[PDB]
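Engineer: output the structure for:
(2 chains)
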Amino acid sequence: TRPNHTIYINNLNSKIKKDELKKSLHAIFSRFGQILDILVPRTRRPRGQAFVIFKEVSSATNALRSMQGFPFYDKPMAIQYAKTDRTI
RNA sequence: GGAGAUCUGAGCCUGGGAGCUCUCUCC
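Structural biologist: Residues are numbered from 1 along each chain as shown, chains lettered A, B, ... in the order given. There you are, the coordinates:
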């Protein structure tokens, strides 16, 4: 995998409501750059993943470096570049 | 077809979870 506009975040707290997770993620990650969209897809098992789609790849690069393993609702976030870029 | 719904709908797969499908609601 190589850098792209989208970061993949998992190990998120499954006990937090979706919309509050999407809101907090936006508030925390927006400092790195403009966010085009935040996705918290409906998993078969309880939600524990999200995609943050930045406008520039550099914003994703810095977002991934800074927030790697950072506590988030009492859990360290595991961050990667999204397998497939989710920008349309 | 599209958009949603399960720690608060379900089966299978996996067995160190970015899997497949169904069901329901709305358009």
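Engineer: now do the helices in chain A.
Structural biologist: Assigned helices in chain A, in chain order: A:18-29, A:57-67 (criterion: DSSP state H).
Engineer: looking at those, which is nearest to RNA strand B?
Structural biologist: Within the helices of chain A, the stretch nearest RNA strand B is helix A:18-29; the backing value is 5.5 Å (CB to the nearest atom of the strand). Just so you know, the C-beta spots here come from the backbone N, C-alpha and C atoms, and that holds for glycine as well.
Engineer: can you give me the strands for chain A?
Structural biologist: With DSSP state E as the definition, chain A shows strands at residue ranges A:6-10, A:35-39, A:49-54, A:78-81.
Engineer: how about those in CSV, adding mean neighbour count and distance to RNA strand B?
Structural biologist: Converted to CSV, these look like this (neighbours: other CB atoms under 10 Å; distance: least, CB to the nearest atom of the strand, whole Å):
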stretch, mean neighbour count, distance to RNA strand B
strand A:6-10, 21, 4
strand A:35-39, 16, 8
strand A:49-54, 21, 6
strand A:78-81, 16, 4
